[PDB]
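Trainee: Experimental coordinates follow, after the sequence.
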Amino acid sequence: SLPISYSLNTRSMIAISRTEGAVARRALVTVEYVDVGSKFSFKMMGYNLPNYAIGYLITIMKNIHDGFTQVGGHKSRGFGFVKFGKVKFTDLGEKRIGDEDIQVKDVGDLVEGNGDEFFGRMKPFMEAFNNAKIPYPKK
RNA sequence: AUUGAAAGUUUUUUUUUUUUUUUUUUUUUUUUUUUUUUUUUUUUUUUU
């Protein structure tokens, strides 16, 4: 991902607090993060992906977008939360790959827009993936 | 002092020419630099 409008900002958590005792300063630490509002170009590509696999990838992306999943170092402190404002989806090739694929409504090839309407557009893919009997592994 | 002898088996001729150890063969397949840490305590906006 290539930053576009990136802005760097530091923060220090040198604070050791009361430490449930008497000492209020024992150690020191500071971190450098990327400030909010930065923009990164995100691109990923897939080969011979069936409809259910694409829907599952879209489900992963939606979980990331909603905030249920976070990316970064200090996730417990609420450091990594990213959202999509403009994402294009281009499909080239066949519509279904395997016999296990669900025939999805033809949404075309170029799917784009704001993040919310984007995920609203990929509803058929996620619905097909959820309503897909996954054969493998046989076990 | 042999019946009794005096003659190099020698000259001359390049084992040479033709022929690429060559074609095909992606040092790649997988792994989130995360993880625990409160920028906290002390100080009367105040006198001849």
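Mentor: Done, it's in. Numbers count the residues shown, from 1 in each chain, chains lettered A, B, ... in the order given.

Trainee: Please make it C-alpha for all contacts and neighbour counts, starting now.
Mentor: Noted.

Trainee: Find the helix or strand that residue A:53 is a member of.
Mentor: helix A:51-66 (DSSP states H and E).

Trainee: Okay, the residue in chain A that RNA strand B sits nearest to and residue A:95: tell me how far apart.
Mentor: Residue nearest to RNA strand B within chain A (Cα to the nearest atom of the strand): residue A:73, separated by 3.5 Å. Look at residue A:73 and residue A:95: by Cα to Cα, to the nearest Å, they are 38 Å apart.

Trainee: These two: who's more crowded?
Mentor: Applying other Cα atoms under 10 Å to residue A:73 and residue A:95 shows that residue A:95 carries more neighbours, namely 19 against 11.

Trainee: Extract the CA atoms of the strand or helix carrying residue A:32 and return them as PDB.
Mentor: Take DSSP H and E as the rule and residue A:32 turns out to sit in strand A:30-34. The C-alpha trace of strand A:30-34 is given here as PDB (Å, rounded to 0.1, in the frame of the first residue of the first chain):
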ATOM      1  CA  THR A  30       7.500   6.400  23.100                       C
ATOM      2  CA  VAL A  31       6.000   5.300  19.800                       C
ATOM      3  CA  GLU A  32       5.700   6.700  16.200                       C
ATOM      4  CA  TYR A  33       2.500   6.100  14.400                       C
ATOM      5  CA  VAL A  34       0.800   7.200  11.200                       C
END
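
Trainee: helices or strands up against the helix or strand following that strand?
Mentor: Per DSSP H and E, the first helix or strand lying C-terminal to strand A:30-34 is strand A:40-41. Judged by 3 or more Cα pairs under 8 Å, 6 or more residues apart in numbering; DSSP states H and E, strand A:40-41 is in contact with strand A:2-3.
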